[PDB]
Every structure is written in structure tokens, then in C-alpha cells.
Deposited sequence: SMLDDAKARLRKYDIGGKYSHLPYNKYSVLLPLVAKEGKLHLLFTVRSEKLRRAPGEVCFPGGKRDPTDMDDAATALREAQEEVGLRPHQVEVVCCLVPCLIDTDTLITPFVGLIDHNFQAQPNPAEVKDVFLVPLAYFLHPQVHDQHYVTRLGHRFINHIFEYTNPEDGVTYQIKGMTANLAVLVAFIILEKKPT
């Protein structure tokens, strides 16, 4: 099926705990996959205007590891719960993708998780201004604007609201789309 085929594909790019012990400042992100109307979607947040780093920007749920976390996946789940209400029984963590190195001293580890069909986002307004879905297929033929560097513009046909997606967030979305959608019979 669609979901089982997505997980089998994702498991082949799983690096595991390989890079997890290295002595970095550590952050984790969740890439949440949602099935709606026969198709896979990614869930995104718009950061609150009040935040210190990157107010008003599109990003995945995530943040900094703390001493309670058993592992890097636990960081991602804890942060997703606190930002958009996502509970642990509502997410299956499928795999750990290649981490991102930033600023010489920081490592960001992304996890892909399948989200239960009955989940509804309760955004925390102190951290999250907005939550939205994008069809996974969009990342194969995006609408690109050059800022000189590449920015994606997505218009939700439900309400005509346009979002800008860029940087690490845009790169990870394209990656996940390639992994799951490349080479499929129609």
C-alpha cells in the first residue's frame, strides 16, 4: 500500500545512531508525513513573530536537546508535542536521515514520522503562528523565485494563502519527495 511503500523506501536511507554521540550543540527536527485524499503531505509550521531566531519563517517542528531526552528522536517528539499538540501515540518514527552541520559547532538530526489520520494541530501561539500541509509531489515541480539563491512559493488552494519555504527546510522536503516518489508506476 501507499504507507507501507513509503516506509520501506525511507528505511533504505536510515543512517541510525552513527553520528549521534559526536560532541556538538544538538538539535532535532520532525518531518511529519500525513495522508489526505489519497496522497502524502508534509506538515510545516510558521514561527511566531515573538521568537529570538527566525521569527515568521517556515520550518519543521523541532528544537534543542535537553537532559531529559533519552535520544535524538525523543527531542523531536517532545518539541512536536509542545509546539503543535502531537502526542507520541500519534507518531511512528520511521527513520533518521542525514544530519545537517551548521556554524562549525552545531548538528541538526532530522527524523521522518508517519502521523495518525485523526490528528489535528493545536498550535501553541507563544511559538507557532500557523500550521499548514503541502502535497509531497509539489517538491518535484515547485514554483521557484530567485532572491542570488532559490526560494519556493506555495499557494494553498483551500484559502489562497501563499507561503515561502527556503534553506534547510526546503532542502529536506525535496529529499523526502525524491526518496518516496522517484520511479513509481502510475
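Where C-alpha coordinates are absent, the deposited sequence of this PDB chain has only the segment 148 to 157.
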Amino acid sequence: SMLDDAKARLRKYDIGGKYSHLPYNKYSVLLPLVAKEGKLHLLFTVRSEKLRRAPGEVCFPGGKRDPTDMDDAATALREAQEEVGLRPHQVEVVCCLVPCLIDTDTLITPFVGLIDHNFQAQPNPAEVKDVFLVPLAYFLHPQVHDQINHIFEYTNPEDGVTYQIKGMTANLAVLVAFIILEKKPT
From here on, numbers count along this sequence of modelled residues.
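Two stretches are in play, 46 to 54 and 59 to 67, and the higher mean C-alpha B-factor belongs to 46 to 54. Between the stretches 149 to 157 and 135 to 143, it is 149 to 157 that shows the larger average CA temperature factor. In the deposited entry, the Cα temperature factor of residue 34 sits in the middle third of values across the chain's modelled residues. Residue 165: CA B factor in the middle third of modelled residues in this chain (values from the PDB entry). Remark: residue 8 belongs to the middle third of its chain, ranked by C-alpha B-factor as recorded.
For residue 22, the recorded CA temperature factor ranks within the middle third of the chain's modelled residues.
Split the chain's modelled residues into thirds by C-alpha temperature factor. Residue 128 is in the middle one.
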